[PDB]
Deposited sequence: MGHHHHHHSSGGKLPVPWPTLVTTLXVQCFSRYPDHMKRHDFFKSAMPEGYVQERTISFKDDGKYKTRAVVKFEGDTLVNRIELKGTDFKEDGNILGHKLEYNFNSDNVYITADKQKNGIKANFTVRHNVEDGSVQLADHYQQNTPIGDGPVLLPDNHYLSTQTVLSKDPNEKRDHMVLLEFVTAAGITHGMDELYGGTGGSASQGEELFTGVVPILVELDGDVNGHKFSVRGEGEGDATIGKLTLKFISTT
């Protein structure tokens, strides 16, 4: 229970290896090509006129399960701002995720802005800078420029007692290592986040599954 920030602000932090890559783009799927050893995903998320999140996540297979293990540090949030003031609606819309190769890191960079709806009708922008670096030694795919199109619905579970968020998400790409072969069916997912925002410590644990054949993610997150 008891998340100190609005649940919608954690959605992007809480596994792009489940994106559906069209067959004419399979040569450009970095995320699956890094598996099973995985990749480190790092972001800076700048909430305009407010604070920022800095995240570092390890995304990898642990046996049969895709794991996303995250550390989040949030700083400089305004007490009466949209985030710590809890003025955000559950509703939000995102830009496409624009991906380019990162030649230094043998990985990718990505950039996109999330538009969070505010209770008063204003908008709270969240500007994402992203980099992913492979963990393993195996050959990874460095992609041509492209993007991911993301759709999300947020809900609750009537039988759940703890502070929580149910998420359903569909993501499609648009524009060797054999890692992609690990995604040919439904894959279980575990997400763990250790967070500090403005000094307030918290954790989130998530479980669900992903089906990259249709780009589907379904998970329930609880806070602790």
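Unmodelled segments of the deposited chain, in sequence order: 1-11, 26, 188-202, 252.
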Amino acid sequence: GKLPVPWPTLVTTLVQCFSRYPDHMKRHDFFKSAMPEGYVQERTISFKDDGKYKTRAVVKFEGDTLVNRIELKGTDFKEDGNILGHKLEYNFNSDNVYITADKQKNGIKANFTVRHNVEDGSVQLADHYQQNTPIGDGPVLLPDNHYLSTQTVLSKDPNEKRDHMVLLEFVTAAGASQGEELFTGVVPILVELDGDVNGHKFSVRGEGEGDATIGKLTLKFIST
From here on, numbers count along this sequence of modelled residues.
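Looking at mean Cα B-factors across 43-51 and 23-31, the upper value is held by 23-31.
Higher mean CA temperature factor, per the PDB entry, when comparing 56-64 with 193-201: 193-201. Across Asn145, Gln124, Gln104, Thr150, the greatest Cα temperature factor reported in the deposited entry is at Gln104.
Among all modelled residues in its chain, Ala110 ranks in the lowest third by Cα B-factor.
Sort the chain's modelled residues by C-alpha temperature factor and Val166 lands in the lowest third, per the entry.
Per the PDB record, residue ranking by Cα B-factor puts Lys87 in the highest third of the chain.
Among all modelled residues in its chain, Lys78 ranks in the highest third by Cα B-factor.
In the deposited entry, the Cα temperature factor of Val118 places it in the highest third of its chain's modelled residues.
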